[PDB]
Amino acid sequence: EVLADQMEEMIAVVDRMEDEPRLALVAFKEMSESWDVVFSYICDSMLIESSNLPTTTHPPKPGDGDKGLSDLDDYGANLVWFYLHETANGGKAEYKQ
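Sequential numbering from 294 applies to the sequence shown in the authors' numbering.
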């Protein structure tokens with residue numbers, strides 16, 4: 294993650310069950326009330342050079358956006374929306390539980 298700046302980039306990990314070549318991946322997350330930026334590595338086969346497809350964010354963003362094609366990073370932002378604009382299993386601050 295060659296970047297300009299540190300952030301408290303807490304992490305989200307998941308698997309794209311909904312893909313047929315179902316594969317796991319990972320993304321970072323941080324804190325901004327406007328929601329936050331992300332970078333995700335994507336999936337594996339026998340080495341990481343295998344991928345799953347989802348590509349896009351919810352509208353809320355920290356201000357900045359995921360670098361480049363960032364497709365699974367964008368999707369990760371929407372994912373942290375799902376998993377962090379949680380409500381059903383509590384608020385953002387509860388996630389740690």
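Every residue, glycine too, gets a C-beta built ideally from N, C-alpha and C.
> Is the number of C-beta pairs between the stretch 378-389 and the stretch 355-365 that are closer than 8 angstroms three or more?
Replying inline: Touching, no.
> What first and last residue would you give for the alpha helix (DSSP H) that runs through residue 260?
Replying inline: Look at the range of the chain in this structure, 294 to 390, and you will see that residue 260 is not part of it.
> Which parts of the stretch 313-372 are runs of the beta strand (DSSP E), unbroken and 3 residues or longer, counting only runs that do not cross its ends?
Replying inline: Here the runs fully enclosed are 316-322 and 333-335.
> Based on the DSSP output, what are the partners of residue 308 in its beta bridges?
Replying inline: Beta-bridge partners of residue 308 (DSSP): 317.
> What residues in its chain sit with their C-beta under 6 angstroms from that of residue 306, if we drop five residues either side in the sequence?
Replying inline: 319, listed in sequence order.
> Do you know whose CA, among 315, 340, 332 and 325, lies nearest residue 295's CA?
Replying inline: Closest in C-alpha terms to residue 295, from the list 315, 340, 332 and 325, comes 332.
> In chain order, what residues of the same chain lie with their CB nearer than 8 angstroms to the CB of residue 379, ignoring the 5 residues before and after it?
Replying inline: Excluding positions up to five away in sequence, the list reads 385, 387 and 388.
>> Rounded to the nearest angstrom, what separates residue 316 and residue 375 at their Cα positions?
In response: Their backbone Cα atoms lie some 19 angstroms apart in a straight line.
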